[PDB]
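One structure below.
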Amino acid sequence: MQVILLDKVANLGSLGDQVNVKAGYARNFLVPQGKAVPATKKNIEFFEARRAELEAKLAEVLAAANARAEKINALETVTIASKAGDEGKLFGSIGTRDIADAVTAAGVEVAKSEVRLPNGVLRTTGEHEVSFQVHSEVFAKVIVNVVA
RNA sequence: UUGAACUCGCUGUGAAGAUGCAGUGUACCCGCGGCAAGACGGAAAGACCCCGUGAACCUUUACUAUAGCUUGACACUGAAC
Ligand SMILES: [K+]
Ligand SMILES: [K+]
Ligand SMILES: [K+]
Ligand SMILES: [K+]
Ligand SMILES: [Mg+2]
Ligand SMILES: [Mg+2]
Ligand SMILES: [Mg+2]
Ligand SMILES: [Mg+2]
Ligand SMILES: [Mg+2]
Ligand SMILES: [Mg+2]
Ligand SMILES: [Mg+2]
């Protein structure tokens, strides 16, 4: 299937590229996510005539993501409280939803889909390092302090 | 049940076990109560047996198929290393 990329897609190409991808790749991911469109004559001519504003919007999105990442980094450390045993091990667990809620209460709005926990979901009291992905290329870090 | 009967015995003859043929013996016409030796008695187009290039249902390492079960290829089906 021939498609026109509407953004930067890793291992595929840059915006405006015309690429041949597997039909399922286009059908179930790229088009529904908005990262590409079918390479019909209408689409090709329309995009080529109306192209540059899209890079302007992509730059605006990247700048907004950078600003949000800077705010997240400036937030530094966020503290979450739960219940645990005397050994410091939590009976329950601390996940993306409540981490994002704590960050939002701290001031920066982050969705649960932007939380990236490398070593699974937190289960012990102490300090952990969590990552945030607000853009496909930028990354932020937050210290999480779990207390009883 | 019943082709029609003026519907005896014997010995023979004879699709080869005769009331009905031949020879011969016996016998006046007709009921009623009884008995079942014969009318190859009545009943059911022999069930045994064979035959038909008949039937059915059953069996199986008979033949040919086939549901099911199982194998792989392609499709729905994508990304990275
Ligand atoms: K005579
Ligand atoms: K009799
Ligand atoms: K035969
Ligand atoms: K039968
Ligand atoms: Mg004789
Ligand atoms: Mg005689
Ligand atoms: Mg009498
Ligand atoms: Mg009697
Ligand atoms: Mg008889
Ligand atoms: Mg017969
Ligand atoms: Mg047969």
Side-chain angles (χ1 to χ4, degrees), chain A residues 1-80 82 88-146:
Chain A
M1 178 167 163
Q2 292 289 335
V3 287
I4 300 146
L5 306 178
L6 295 195
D7 214 322
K8 181 40 206 168
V9 171
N11 292 277
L12 208 47
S14 288
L15 173 139
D17 215 322
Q18 257 176 117
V19 291
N20 187 60
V21 297
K22 283 188 207 272
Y25 196 17
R27 173 187 312 119
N28 299 315
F29 191 63
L30 294 176
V31 174
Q33 296 286 343
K35 303 168 153 112
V37 287
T40 68
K41 299 175 174 183
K42 285 185 180 179
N43 276 327
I44 294 159
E45 88 214 332
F46 158 73
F47 174 86
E48 198 43 60
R50 191 208 170 182
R51 182 202 237 261
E53 72 307 2
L54 290 136
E55 309 65 342
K57 259 293 302 285
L58 257 63
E60 177 269 23
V61 165
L62 199 42
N66 288 134
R68 199 183 287 166
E70 285 175 5
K71 287 177 35 72
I72 287 166
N73 263 313
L75 262 204
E76 287 200 355
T77 307
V78 183
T79 292
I80 320 168
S82 48
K89 278 203 273 81
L90 312 164
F91 292 117
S93 194
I94 292 306
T96 55
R97 170 98 286 261
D98 48 299
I99 279 166
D101 291 330
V103 173
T104 296
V108 181
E109 194 311 295
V110 192
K112 57 156 75 131
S113 52
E114 319 202 286
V115 196
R116 311 256 167 283
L117 298 153
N119 44 74
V121 158
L122 308 181
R123 287 241 167 71
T124 45
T125 56
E127 293 217 338
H128 311 258
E129 274 337 307
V130 307
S131 150
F132 291 81
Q133 177 170 349
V134 278
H135 195 266
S136 315
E137 302 245 358
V138 319
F139 286 100
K141 212 154 304 312
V142 161
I143 316 107
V144 177
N145 180 62
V146 174

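Values below: every heavy atom of this structure, side chains too, minus hydrogens, waters and symmetry copies. Each chain gets a letter, A, B and so on, in the order the sequences are listed, and its residues count up from 1.
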Scanning all shown strands, the Watson-Crick or wobble mate of B/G14 with both distances under 3.5 Å is none
Inset, instruction - Kindly say whether A/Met1 contributes a backbone atom to a donor-acceptor pair with the side chain of A/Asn20 at under 3.5 angstrom? - result: yes
Has the side chain of A/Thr124 got a donor or acceptor atom that lies under 3.5 Å from a matching backbone atom of A/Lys89?
no
A/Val130 and A/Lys141: CA distance, side-chain angles, deciding distance, side chain to side chain contact (heavy atoms under 4.5 Å, CB included) verdict:
CA-CA 6 Å; A/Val130 307; A/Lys141 212 154 304 312; over 6 Å; no
Exercise for the section: Please state the P separation for the pair B/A16 and B/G12 - nearest whole angstrom. Expected result: 15 Å
B/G46 and B/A45, neighbours in the strand: six-membered ring centres under 5.5 Å and planes under 30°? no
From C1'-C2'-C3'-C4' (positive north, negative south), B/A45 puckers south
Discussion item. Base, sugar-phosphate or nothing for A/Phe29? Non-hydrogen atoms, less than 4.0 Å.
Written reply: nothing
Item to complete: For B/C51 versus B/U11, give the span between their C1' atoms, rounded off to a whole number of Å.
Response: 43 Å
ask   = Do the six-membered rings of B/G20 and B/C21 pass both checks: centres under 5.5 Å apart and planes under 30 degrees?
value = no
With north for a positive and south for a negative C1'-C2'-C3'-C4' torsion, B/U77 lands south
### Message
Between B/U61 and B/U60, is the stacking condition met, i.e. ring centres under 5.5 Å and planes under 30 degrees?
### Response
no
For B/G9, the nucleotide meeting Watson-Crick or G-U wobble distances (both under 3.5 Å) is B/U24
task: For B/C28 and B/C6, measure between their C1' atoms and round to the nearest Å.
output: 16 Å
Using atom P in both nucleotides, what's the gap between B/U26 and B/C10 to the nearest angstrom?
15 Å
(message) Could you tell me how far B/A36 sits from B/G41 if I compare only their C1' atoms? Round to whole Å.
(response) 11 Å
- Query: Counting N and O atoms only, with roles assigned by atom type, does the side chain of A/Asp17 sit under 3.5 Å from a partner on the main chain of A/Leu5, one being a donor and the other an acceptor?
  - Reply: no
On the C1'-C2'-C3'-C4' sign convention (north positive, south negative), B/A16 is classed south
Sugar pucker at B/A15, from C1'-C2'-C3'-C4' (positive north, negative south), flagged south
Could you work out the separation of B/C21 and B/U1 based on their P atoms and round it to a whole Å? 30 Å
Legend entry - Six-ring stacking criterion satisfied by B/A47 and B/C48 (under 5.5 Å, under 30°): no
A student applying the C1'-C2'-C3'-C4' rule, positive for north and negative for south, should call the sugar of B/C6 south
B/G14 to B/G20 separation - P atoms, rounded to the nearest Å: 16 Å
| Are A/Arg51 and A/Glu55 ion-paired here, with the side-chain N under 4.0 Å from a carboxylate O? | yes
Contacted region of RNA chain B by chain A, from 5' end to 3' end of the hits, cut-off under 4.0 Å to heavy atoms, spans B/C76 to B/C81
Show your reasoning for whether side chain to side chain contact (heavy atoms under 4.5 Å, CB included) applies to A/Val9 and A/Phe29. CA-CA 12 Å; A/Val9 171; A/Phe29 191 63; over 6 Å; no
For B/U2, the nucleotide meeting Watson-Crick or G-U wobble distances (both under 3.5 Å) is none
### Message
Do A/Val103 and A/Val115 have side chains that approach each other closer than 4.5 Å (heavy atoms only, starting at C-beta)?
### Response
no
* Asked: Would B/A15 and B/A16 be classed as stacked, given the thresholds of under 5.5 Å between six-membered ring centres and under 30° between planes?
  -> no
message = Counting only heavy atoms from other residues, nucleotides and ligands, does the tally under 6.0 Å from CD of A/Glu137 exceed 12?
response = no
Between B/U13 and B/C8, how far apart are the two P atoms, rounded to whole Å? 24 Å
